[PDB]
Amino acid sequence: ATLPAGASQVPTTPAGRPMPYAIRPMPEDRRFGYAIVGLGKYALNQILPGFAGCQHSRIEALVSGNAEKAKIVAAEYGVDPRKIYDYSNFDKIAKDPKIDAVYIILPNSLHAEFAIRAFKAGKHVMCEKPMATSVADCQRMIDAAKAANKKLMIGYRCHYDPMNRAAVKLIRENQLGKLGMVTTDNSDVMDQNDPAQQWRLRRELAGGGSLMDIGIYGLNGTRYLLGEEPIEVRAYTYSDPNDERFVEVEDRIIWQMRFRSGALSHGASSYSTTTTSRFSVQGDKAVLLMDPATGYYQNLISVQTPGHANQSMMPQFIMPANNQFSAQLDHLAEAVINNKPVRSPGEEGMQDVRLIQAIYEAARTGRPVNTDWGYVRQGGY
């Protein structure tokens, strides 16, 4: 019994070694450059910090309305101080060839504006959800992309989150059997004192209440989990008339949907209840519980059958996939580099907007709203 070759050949003195094994995503290059517009809560707590983990993305320039703040951040992330644009001279980015695309992290109402604006600046557009505050503005955004022959991608991080991906895969492998009932809930207690929440209370700025904000996850999720689109929709909303927070936007709203397969779904969103992100998919073989379902971190899914609960979550020492944020950034970057369509196109973001408007209409009229308008998810869910 003797030691193996490798071990026996290791010098007992300081010596160089080969490239170590990768048990986590390693940085490769930094060829794609982003222009981030809107230094808000998401842009600073989740997005910018997300670039560090990218393999193909960098922060080349940032666009802000607050010059003093924009100066402080530029330092932290080391972006060229001379590359700190504003809303007035945002259009001038078309002069910088090192600015491949822009990432719009502005209030919902301002999405369409800077999207078509950037498209005429010859840049790729990564717009946050919800796409826009109007089906029309969504289509105009698509038109600008086509006209400029550029890429339009919506910020659906769940489309690039490991656990969410595992959930879809397991369903496509038929581990749940025939799908028949989906249940979604997304909630967070609205704080009017938080600067980021203030515009969300303004209807012309947000476009809607909790649905447009977080209920969209359940809606979108119900869609890619089931792998199909709603053909009919019904909904109801209610808000405490005495709560100053919901004068213009809805607090909570409940929507029921039917699909071509015969599958049904019921879900809700809320501005008056604590943190909730839970999805449930019922097949005739098993039931999947995603909880947390769409968190920034610590997602956890479980396939349940009588006597069993098979849970999956990110490992404790290894990282077989990149976090949703970095994976999202690089996804646009490498969709361009390889001339490939993006998984989350403007047509997909436009689909949620229509459905949401159809849902509001259903809650407004109290009648079923037909949504069987032949939409097709290009490239699968």
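Between two forms, the rigid core is the largest collection of C-alphas that superpose within 1.5 Å. For every residue, the number given is its place in the sequence shown, counted from 1.
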* Structure fact -> in 6 other deposited structures of this protein, with the rigid core superposed, the stretch whose C-alphas stray more from the shown form, 28 to 36 or 337 to 345, is 28 to 36
* 10 to 18 versus 355 to 363 - greater average Cα B-factor per the deposited record -> 10 to 18
* Which is higher on average in the deposited entry, the C-alpha temperature factors of 221 to 229 or of 126 to 134? -> 126 to 134
* Considering only 326, 312, 46, 338, which residue's Cα atom bears the greatest B-factor as recorded? -> 338
* Asked: From 207, 180, 307, 78, can you pick the one with the highest C-alpha B factor in the entry?
  -> 78
* What third of the chain, by the recorded C-alpha B-factor, contains residue 103? -> middle
* Entry-reported Cα temperature factor of residue 42, expressed as the chain third it lands in -> middle
* Structure fact -> Entry-reported C-alpha B-factor of residue 299 relative to its chain, by third, is lowest
* Asked: How does residue 112 rank on Cα B-factor within its chain, lowest, middle or highest third?
  -> highest
* Asked: Comparing residue 316 with the other modelled residues of its chain, is its CA B-factor in the lowest, middle or highest third?
  -> lowest
